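See below for coords_3.csv, which holds CSV, N, CA and C atoms and all ligand atoms.
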chain,number,residue,atom,x,y,z
A,1,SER,N,19.2,-134.8,64.6
A,1,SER,CA,20.6,-134.7,65.0
A,1,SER,C,20.9,-133.8,66.2
A,2,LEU,N,22.0,-134.0,66.9
A,2,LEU,CA,22.3,-133.3,68.0
A,2,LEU,C,23.8,-132.9,68.0
A,3,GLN,N,24.3,-132.7,66.8
A,3,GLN,CA,25.7,-132.3,66.6
A,3,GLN,C,25.8,-130.8,66.5
A,4,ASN,N,25.5,-130.1,67.6
A,4,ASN,CA,25.4,-128.7,67.6
A,4,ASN,C,26.1,-128.1,68.9
A,5,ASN,N,27.4,-128.4,68.9
A,5,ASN,CA,28.3,-127.9,70.0
A,5,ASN,C,29.7,-128.2,69.8
A,6,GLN,N,30.5,-127.2,69.3
A,6,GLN,CA,31.9,-127.3,69.1
A,6,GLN,C,32.6,-126.1,69.8
A,7,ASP,N,33.9,-126.1,69.8
A,7,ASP,CA,34.7,-125.0,70.3
A,7,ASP,C,34.7,-123.9,69.4
A,8,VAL,N,34.3,-122.7,69.8
A,8,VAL,CA,34.1,-121.5,69.0
A,8,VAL,C,34.7,-120.3,69.7
A,9,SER,N,35.1,-120.4,70.9
A,9,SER,CA,35.6,-119.3,71.7
A,9,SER,C,36.6,-119.7,72.7
A,10,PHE,N,37.5,-120.5,72.3
A,10,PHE,CA,38.6,-121.0,73.3
A,10,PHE,C,39.8,-121.5,72.5
A,11,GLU,N,39.9,-122.9,72.4
A,11,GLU,CA,41.1,-123.5,72.0
A,11,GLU,C,41.3,-123.5,70.5
A,12,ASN,N,40.3,-123.2,69.7
A,12,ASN,CA,40.4,-123.1,68.3
A,12,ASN,C,41.3,-121.9,68.0
A,13,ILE,N,41.2,-120.9,68.8
A,13,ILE,CA,42.1,-119.7,68.6
A,13,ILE,C,43.1,-119.5,69.8
A,14,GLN,N,43.9,-120.6,70.0
A,14,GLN,CA,44.8,-120.6,71.1
A,14,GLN,C,46.1,-119.8,70.6
A,15,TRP,N,46.0,-118.5,70.6
A,15,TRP,CA,47.1,-117.7,70.3
A,15,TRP,C,47.8,-117.1,71.6
A,16,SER,N,49.0,-116.9,71.5
A,16,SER,CA,49.8,-116.4,72.7
A,16,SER,C,49.5,-114.9,72.9
A,17,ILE,N,49.2,-114.5,74.2
A,17,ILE,CA,48.9,-113.1,74.5
A,17,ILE,C,50.0,-112.5,75.3
A,18,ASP,N,50.0,-111.2,75.4
A,18,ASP,CA,50.9,-110.4,76.2
A,18,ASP,C,50.7,-110.7,77.7
A,19,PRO,N,51.8,-110.7,78.5
A,19,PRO,CA,51.8,-111.0,79.9
A,19,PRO,C,51.1,-109.9,80.7
A,20,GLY,N,49.8,-109.7,80.5
A,20,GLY,CA,49.1,-108.7,81.2
A,20,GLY,C,48.8,-107.4,80.4
A,21,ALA,N,48.3,-107.6,79.2
A,21,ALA,CA,48.0,-106.5,78.3
A,21,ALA,C,46.6,-106.0,78.6
A,22,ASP,N,45.7,-106.9,79.1
A,22,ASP,CA,44.3,-106.6,79.4
A,22,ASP,C,44.2,-106.1,80.8
A,23,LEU,N,45.3,-106.4,81.6
A,23,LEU,CA,45.3,-106.0,83.0
A,23,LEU,C,46.0,-104.6,83.1
A,24,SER,N,45.9,-103.8,82.1
A,24,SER,CA,46.5,-102.5,82.0
A,24,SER,C,46.1,-101.6,83.2
A,25,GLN,N,44.9,-101.7,83.7
A,25,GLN,CA,44.4,-100.9,84.7
A,25,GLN,C,45.1,-101.2,86.1
A,26,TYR,N,45.5,-102.5,86.2
A,26,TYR,CA,46.2,-102.9,87.4
A,26,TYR,C,47.7,-102.8,87.2
A,27,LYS,N,48.1,-102.4,86.0
A,27,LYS,CA,49.6,-102.4,85.7
A,27,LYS,C,50.2,-101.1,86.2
A,28,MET,N,51.4,-101.1,86.6
A,28,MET,CA,52.2,-100.0,87.0
A,28,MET,C,53.4,-99.8,86.0
A,29,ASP,N,53.8,-98.6,85.9
A,29,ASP,CA,55.0,-98.3,85.0
A,29,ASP,C,56.2,-98.1,85.8
A,30,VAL,N,57.2,-99.0,85.6
A,30,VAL,CA,58.4,-99.0,86.3
A,30,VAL,C,59.4,-98.0,85.7
A,31,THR,N,59.4,-96.8,86.1
A,31,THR,CA,60.3,-95.8,85.6
A,31,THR,C,61.6,-95.8,86.3
A,32,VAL,N,62.7,-96.2,85.6
A,32,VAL,CA,64.0,-96.2,86.1
A,32,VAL,C,64.7,-94.9,86.0
A,33,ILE,N,64.8,-94.2,87.0
A,33,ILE,CA,65.5,-92.9,87.0
A,33,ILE,C,67.0,-93.0,87.1
A,34,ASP,N,67.7,-92.5,86.1
A,34,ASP,CA,69.1,-92.5,86.1
A,34,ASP,C,69.7,-91.4,86.9
A,35,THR,N,70.7,-91.7,87.7
A,35,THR,CA,71.5,-90.6,88.4
A,35,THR,C,72.7,-90.2,87.6
A,36,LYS,N,72.6,-88.9,87.1
A,36,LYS,CA,73.7,-88.4,86.3
A,36,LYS,C,74.9,-88.0,87.1
A,37,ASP,N,74.8,-88.2,88.4
A,37,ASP,CA,75.9,-87.9,89.3
A,37,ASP,C,76.6,-89.2,89.8
A,38,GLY,N,77.7,-89.5,89.2
A,38,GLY,CA,78.5,-90.6,89.6
A,38,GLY,C,78.8,-91.6,88.5
A,39,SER,N,78.0,-91.4,87.4
A,39,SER,CA,78.2,-92.3,86.2
A,39,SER,C,79.5,-91.9,85.4
A,40,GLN,N,80.0,-90.8,85.8
A,40,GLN,CA,81.2,-90.3,85.2
A,40,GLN,C,82.4,-90.3,86.2
A,41,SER,N,83.2,-91.3,86.1
A,41,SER,CA,84.3,-91.6,87.1
A,41,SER,C,85.3,-90.4,87.0
A,42,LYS,N,85.3,-89.7,85.9
A,42,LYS,CA,86.2,-88.6,85.7
A,42,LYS,C,85.7,-87.3,86.3
A,43,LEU,N,84.5,-87.3,86.9
A,43,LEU,CA,83.8,-86.2,87.4
A,43,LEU,C,84.7,-85.6,88.6
A,44,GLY,N,85.1,-86.5,89.5
A,44,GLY,CA,85.9,-86.1,90.6
A,44,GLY,C,86.1,-87.2,91.6
A,45,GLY,N,86.6,-86.9,92.8
A,45,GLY,CA,86.9,-87.9,93.7
A,45,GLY,C,85.7,-88.2,94.6
A,46,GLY,N,84.6,-88.5,94.0
A,46,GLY,CA,83.4,-88.8,94.7
A,46,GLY,C,82.9,-87.6,95.5
A,47,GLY,N,82.6,-87.8,96.8
A,47,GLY,CA,82.2,-86.7,97.6
A,47,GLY,C,83.4,-86.1,98.5
A,48,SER,N,84.6,-86.6,98.2
A,48,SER,CA,85.7,-86.2,98.9
A,48,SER,C,86.6,-85.2,98.1
A,49,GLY,N,86.9,-85.7,96.9
A,49,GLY,CA,87.7,-84.9,96.0
A,49,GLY,C,86.9,-83.9,95.2
A,50,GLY,N,86.5,-82.8,96.0
A,50,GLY,CA,85.7,-81.8,95.4
A,50,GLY,C,84.6,-81.4,96.4
A,51,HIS,N,84.6,-80.1,96.8
A,51,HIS,CA,83.6,-79.6,97.8
A,51,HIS,C,82.3,-79.2,97.1
A,52,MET,N,81.5,-80.1,96.8
A,52,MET,CA,80.2,-79.8,96.1
A,52,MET,C,79.1,-79.8,97.1
A,53,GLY,N,79.0,-78.7,97.8
A,53,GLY,CA,78.0,-78.5,98.8
A,53,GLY,C,76.6,-78.4,98.1
A,54,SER,N,75.7,-79.4,98.4
A,54,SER,CA,74.4,-79.4,97.9
A,54,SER,C,73.4,-78.9,98.8
A,55,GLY,N,72.5,-78.1,98.3
A,55,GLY,CA,71.4,-77.5,99.2
A,55,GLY,C,70.3,-78.5,99.4
A,56,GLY,N,70.2,-79.5,98.5
A,56,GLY,CA,69.2,-80.5,98.7
A,56,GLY,C,69.5,-81.5,99.7
A,57,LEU,N,68.8,-81.6,100.8
A,57,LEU,CA,69.1,-82.5,101.9
A,57,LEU,C,68.0,-83.6,102.0
A,58,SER,N,66.9,-83.4,101.3
A,58,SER,CA,65.8,-84.3,101.3
A,58,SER,C,65.9,-85.3,100.0
A,59,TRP,N,66.3,-84.7,98.9
A,59,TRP,CA,66.4,-85.4,97.6
A,59,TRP,C,65.0,-85.9,97.2
A,60,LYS,N,64.9,-87.2,97.2
A,60,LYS,CA,63.6,-87.9,96.9
A,60,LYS,C,63.2,-88.8,98.1
A,61,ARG,N,62.0,-88.5,98.6
A,61,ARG,CA,61.5,-89.3,99.8
A,61,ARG,C,60.9,-90.6,99.3
A,62,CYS,N,61.4,-91.7,100.0
A,62,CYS,CA,60.9,-93.0,99.7
A,62,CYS,C,59.6,-93.3,100.4
A,63,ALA,N,58.8,-94.1,99.7
A,63,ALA,CA,57.5,-94.6,100.3
A,63,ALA,C,57.7,-96.0,100.9
A,64,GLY,N,58.9,-96.5,100.8
A,64,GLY,CA,59.2,-97.9,101.2
A,64,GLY,C,59.8,-97.9,102.6
A,65,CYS,N,60.9,-97.2,102.8
A,65,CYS,CA,61.5,-97.2,104.1
A,65,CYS,C,61.0,-96.0,105.0
A,66,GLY,N,60.5,-95.0,104.3
A,66,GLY,CA,59.9,-93.9,105.0
A,66,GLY,C,60.9,-92.7,105.1
A,67,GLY,N,62.1,-93.0,104.7
A,67,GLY,CA,63.1,-92.0,104.7
A,67,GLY,C,63.3,-91.3,103.3
A,68,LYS,N,64.6,-91.0,103.0
A,68,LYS,CA,64.9,-90.5,101.7
A,68,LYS,C,65.7,-91.5,100.9
A,69,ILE,N,65.6,-91.4,99.6
A,69,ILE,CA,66.3,-92.3,98.7
A,69,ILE,C,67.8,-91.9,98.6
A,70,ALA,N,68.7,-92.6,99.2
A,70,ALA,CA,70.1,-92.4,99.1
A,70,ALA,C,70.7,-93.5,98.2
A,71,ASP,N,69.9,-94.2,97.6
A,71,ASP,CA,70.3,-95.3,96.7
A,71,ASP,C,70.8,-94.7,95.3
A,72,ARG,N,71.4,-95.5,94.5
A,72,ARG,CA,71.9,-95.1,93.2
A,72,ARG,C,70.7,-94.8,92.2
A,73,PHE,N,70.0,-95.9,91.8
A,73,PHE,CA,68.9,-95.8,90.9
A,73,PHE,C,67.6,-95.9,91.7
A,74,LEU,N,66.8,-94.9,91.5
A,74,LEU,CA,65.4,-94.9,92.1
A,74,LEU,C,64.4,-95.3,91.0
A,75,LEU,N,63.4,-96.0,91.5
A,75,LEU,CA,62.4,-96.6,90.6
A,75,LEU,C,61.0,-96.0,90.9
A,76,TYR,N,60.1,-96.1,89.9
A,76,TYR,CA,58.8,-95.6,90.0
A,76,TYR,C,57.8,-96.8,90.1
A,77,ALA,N,56.8,-96.7,91.0
A,77,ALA,CA,55.7,-97.6,91.1
A,77,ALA,C,54.5,-97.0,91.6
A,78,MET,N,53.4,-97.1,90.8
A,78,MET,CA,52.1,-96.5,91.2
A,78,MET,C,52.2,-95.0,91.0
A,79,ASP,N,52.9,-94.3,92.0
A,79,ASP,CA,53.0,-92.9,92.0
A,79,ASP,C,54.1,-92.4,93.0
A,80,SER,N,54.7,-93.3,93.7
A,80,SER,CA,55.7,-92.9,94.7
A,80,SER,C,57.1,-93.2,94.2
A,81,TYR,N,58.1,-92.7,95.0
A,81,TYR,CA,59.5,-92.9,94.7
A,81,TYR,C,60.0,-94.1,95.5
A,82,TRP,N,60.7,-95.0,94.8
A,82,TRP,CA,61.3,-96.2,95.4
A,82,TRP,C,62.7,-96.4,95.0
A,83,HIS,N,63.3,-97.5,95.5
A,83,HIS,CA,64.7,-97.9,95.1
A,83,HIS,C,64.7,-99.4,95.3
A,84,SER,N,65.9,-100.0,95.0
A,84,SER,CA,66.0,-101.5,94.9
A,84,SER,C,65.3,-102.3,96.0
A,85,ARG,N,65.7,-102.0,97.2
A,85,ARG,CA,65.3,-102.8,98.4
A,85,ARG,C,63.8,-102.5,98.8
A,86,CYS,N,63.3,-101.4,98.5
A,86,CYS,CA,61.9,-101.1,98.9
A,86,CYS,C,60.9,-101.4,97.8
A,87,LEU,N,61.3,-101.2,96.6
A,87,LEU,CA,60.4,-101.6,95.4
A,87,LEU,C,60.5,-103.1,95.2
A,88,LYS,N,59.7,-103.9,95.9
A,88,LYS,CA,59.7,-105.3,95.8
A,88,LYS,C,58.3,-105.9,95.9
A,89,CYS,N,58.2,-107.2,95.8
A,89,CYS,CA,56.9,-107.9,96.0
A,89,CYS,C,56.6,-107.9,97.5
A,90,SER,N,55.4,-107.7,97.8
A,90,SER,CA,54.9,-107.8,99.2
A,90,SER,C,54.7,-109.2,99.6
A,91,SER,N,54.8,-110.1,98.6
A,91,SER,CA,54.7,-111.5,98.9
A,91,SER,C,56.0,-112.3,98.7
A,92,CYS,N,56.8,-111.8,97.8
A,92,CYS,CA,58.1,-112.4,97.6
A,92,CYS,C,59.2,-111.7,98.4
A,93,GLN,N,59.0,-110.4,98.5
A,93,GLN,CA,60.0,-109.5,99.1
A,93,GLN,C,61.3,-109.5,98.2
A,94,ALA,N,61.1,-110.0,97.0
A,94,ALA,CA,62.2,-110.0,96.0
A,94,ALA,C,62.3,-108.6,95.5
A,95,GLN,N,63.5,-108.0,95.6
A,95,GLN,CA,63.7,-106.7,95.1
A,95,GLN,C,63.4,-106.5,93.7
A,96,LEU,N,62.2,-105.9,93.4
A,96,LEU,CA,61.7,-105.7,92.1
A,96,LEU,C,62.5,-104.7,91.3
A,97,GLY,N,63.2,-103.9,92.0
A,97,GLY,CA,64.1,-102.9,91.4
A,97,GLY,C,65.4,-103.5,91.0
A,98,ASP,N,65.7,-104.7,91.5
A,98,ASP,CA,66.9,-105.5,91.2
A,98,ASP,C,66.6,-106.5,90.1
A,99,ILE,N,65.4,-106.4,89.6
A,99,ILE,CA,64.9,-107.4,88.5
A,99,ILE,C,64.3,-106.6,87.4
A,100,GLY,N,63.5,-105.7,87.7
A,100,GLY,CA,62.8,-104.9,86.7
A,100,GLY,C,61.5,-105.5,86.3
A,101,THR,N,61.0,-106.3,87.1
A,101,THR,CA,59.7,-107.0,86.9
A,101,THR,C,58.5,-106.0,86.9
A,102,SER,N,57.7,-106.0,85.8
A,102,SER,CA,56.5,-105.2,85.7
A,102,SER,C,55.5,-105.8,86.7
A,103,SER,N,55.5,-105.3,87.9
A,103,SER,CA,54.5,-105.8,88.9
A,103,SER,C,53.1,-105.2,88.7
A,104,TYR,N,52.2,-105.8,89.5
A,104,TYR,CA,50.8,-105.3,89.4
A,104,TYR,C,50.3,-105.0,90.8
A,105,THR,N,49.1,-104.4,90.8
A,105,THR,CA,48.4,-104.2,92.1
A,105,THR,C,46.9,-104.3,92.0
A,106,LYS,N,46.2,-104.1,93.1
A,106,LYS,CA,44.8,-104.1,93.2
A,106,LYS,C,44.3,-103.5,94.4
A,107,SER,N,44.7,-104.1,95.6
A,107,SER,CA,44.2,-103.6,96.9
A,107,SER,C,45.4,-102.8,97.6
A,108,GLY,N,46.2,-102.1,96.8
A,108,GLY,CA,47.2,-101.3,97.3
A,108,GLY,C,48.5,-102.1,97.5
A,109,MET,N,48.4,-103.4,97.6
A,109,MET,CA,49.6,-104.3,97.8
A,109,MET,C,50.4,-104.4,96.5
A,110,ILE,N,51.7,-104.3,96.6
A,110,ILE,CA,52.5,-104.5,95.4
A,110,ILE,C,53.0,-105.9,95.3
A,111,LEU,N,52.5,-106.6,94.2
A,111,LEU,CA,52.8,-108.0,94.0
A,111,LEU,C,53.4,-108.1,92.7
A,112,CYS,N,54.3,-109.1,92.6
A,112,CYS,CA,55.0,-109.4,91.3
A,112,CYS,C,54.0,-109.8,90.2
A,113,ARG,N,54.5,-109.9,89.0
A,113,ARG,CA,53.7,-110.3,87.8
A,113,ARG,C,52.9,-111.5,88.1
A,114,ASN,N,53.6,-112.6,88.5
A,114,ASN,CA,52.9,-113.9,88.7
A,114,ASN,C,52.1,-113.9,90.0
A,115,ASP,N,52.5,-113.2,91.0
A,115,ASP,CA,51.9,-113.2,92.3
A,115,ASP,C,50.5,-112.6,92.3
A,116,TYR,N,50.3,-111.5,91.5
A,116,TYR,CA,49.0,-110.9,91.4
A,116,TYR,C,47.9,-111.8,90.9
A,117,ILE,N,48.3,-112.6,89.9
A,117,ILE,CA,47.4,-113.5,89.3
A,117,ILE,C,47.0,-114.7,90.3
A,118,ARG,N,48.1,-115.1,91.0
A,118,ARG,CA,47.9,-116.2,92.0
A,118,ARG,C,47.2,-115.7,93.2
A,119,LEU,N,47.4,-114.4,93.6
A,119,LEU,CA,46.8,-113.9,94.9
A,119,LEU,C,45.4,-113.4,94.6
A,120,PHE,N,45.2,-112.4,93.8
A,120,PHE,CA,43.9,-111.8,93.6
A,120,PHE,C,43.3,-112.2,92.2
A,121,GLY,N,43.5,-111.4,91.2
A,121,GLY,CA,42.9,-111.7,89.9
A,121,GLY,C,41.8,-110.7,89.7
B,201,ZN,ZN,63.1,-97.1,100.7
B,202,ZN,ZN,55.7,-112.2,94.3
Just give me the structure of the file as structure tokens.
Amino acid sequence: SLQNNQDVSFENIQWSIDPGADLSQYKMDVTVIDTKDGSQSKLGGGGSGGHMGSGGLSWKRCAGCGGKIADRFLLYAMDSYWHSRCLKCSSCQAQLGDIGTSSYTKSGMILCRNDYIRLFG
């Protein structure tokens, strides 16, 4: 007989897996930092109705535009500070901070969930 070959490590166990659970080493944590300044409309008249002189002139430095984050919500990727327009796919340029997509990396490039698999692997 020669009936000694069946599927034992593939389609017999076709269960659905997490979208990048084993790619944890390439995964980044998108930390969405909330700004407690401005979420209260009753706080004051923005930066006009109230003389709130702030000593912080640098705030959080962005690694995307190279300046400082003057955006509302700043996001985390890899280890640097970002915001909506800078935290995006280097292939899509789609604002990852405007989506909340758990992007991945490998060679320093920031690629979206799907792009990393298509690009590198
Ligand atoms: Zn930026
Ligand atoms: Zn992409």
Can you write out as JSON lines which residues of chain A fall within 6 Å of ligand ZN 202 (chain B), alongside each residue's closest atom pair and its distance in Å to one decimal, counting all atoms listed in the file and ordering rows by chain and ascending residue number?
{"residue": "A:89", "atom": "CA", "partner": "B:ZN202", "partner_atom": "ZN", "distance": 4.8}
{"residue": "A:90", "atom": "N", "partner": "B:ZN202", "partner_atom": "ZN", "distance": 5.7}
{"residue": "A:91", "atom": "C", "partner": "B:ZN202", "partner_atom": "ZN", "distance": 4.4}
{"residue": "A:92", "atom": "N", "partner": "B:ZN202", "partner_atom": "ZN", "distance": 3.7}
{"residue": "A:93", "atom": "N", "partner": "B:ZN202", "partner_atom": "ZN", "distance": 5.6}
{"residue": "A:111", "atom": "C", "partner": "B:ZN202", "partner_atom": "ZN", "distance": 5.0}
{"residue": "A:112", "atom": "N", "partner": "B:ZN202", "partner_atom": "ZN", "distance": 3.8}
{"residue": "A:113", "atom": "N", "partner": "B:ZN202", "partner_atom": "ZN", "distance": 5.9}
{"residue": "A:114", "atom": "C", "partner": "B:ZN202", "partner_atom": "ZN", "distance": 5.9}
{"residue": "A:115", "atom": "CA", "partner": "B:ZN202", "partner_atom": "ZN", "distance": 4.4}
**Study point:** Top pick for closest residue to residue 62 of chain A, considering A:84, A:47, A:101, A:40 and counting only C-alpha atoms
**Key:** A:84
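Ranking A:118, A:51, A:42, A:72 by their shortest atom-to-atom distance to ligand ZN 201 (chain B), with only C-alpha atoms and all ligand atoms included, puts A:72 first.
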Review point. Taking only C-alpha atoms and all ligand atoms into account, which residues are within 7 Å of ligand ZN 201 (chain B), as JSON, numbers by chain?
Key: {"A": [62, 63, 64, 65, 66, 67, 68, 69, 82, 83, 85, 86]}
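Proximity of A:34, A:7, A:29, A:18 to residue 73 of chain A, computed with all atoms listed in the file, is greatest for A:34.
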Practice item. Go ahead and compute the interatomic distance for atom CA of residue 32 of chain A and atom N of residue 76 of chain A, in Å to one decimal. Key: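 Straight-line distance from atom CA of residue 32 of chain A to atom N of residue 76 of chain A works out to 5.4 Å.
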Exercise for review: Determine the nearest neighbour of residue 56 of chain A from the options A:8, A:33, A:117, A:70, counting only C-alpha atoms.
Suggested key: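 Ranked by minimum distance to residue 56 of chain A, first place goes to A:70.
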Exercise for review: as a ChimeraX atom specification, please: all residues of segment 22-98 of chain A that backbone DSSP puts in strand (DSSP E or B).
Suggested key: /A:27,32-33,45,49,61-62,68,74-77,80-83,88,95
Check your understanding: So which residues of chain A fall under helix (DSSP H, G or I) by DSSP, listed as a ChimeraX atom specification?
Key -> /A:11-13,96-98,113-119
Practice item. Work out how far apart atom C of residue 104 of chain A and atom C of residue 26 of chain A are and give it in Å to one decimal. Key: 5.0 Å
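Across the model, the gap from atom CA of residue 77 of chain A to atom C of residue 55 of chain A is 25.4 Å.
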Review point. Pick from A:9, A:53, A:87, A:2: nearest to residue 109 of chain A, with only C-alpha atoms counted?
Key: A:87
Practice item. Kindly provide, as a PyMOL selection string, the polymer residues lying within 5 Å of (79.8, -87.1, 91.7), counting all atoms listed in the file and using the coordinates exactly as they appear in the file. Key: chain A and resi 37-38+46
Check your understanding: With distances taken over all atoms listed in the file, which of A:108, A:23, A:97, A:4 is nearest to residue 75 of chain A?
Key -> A:97
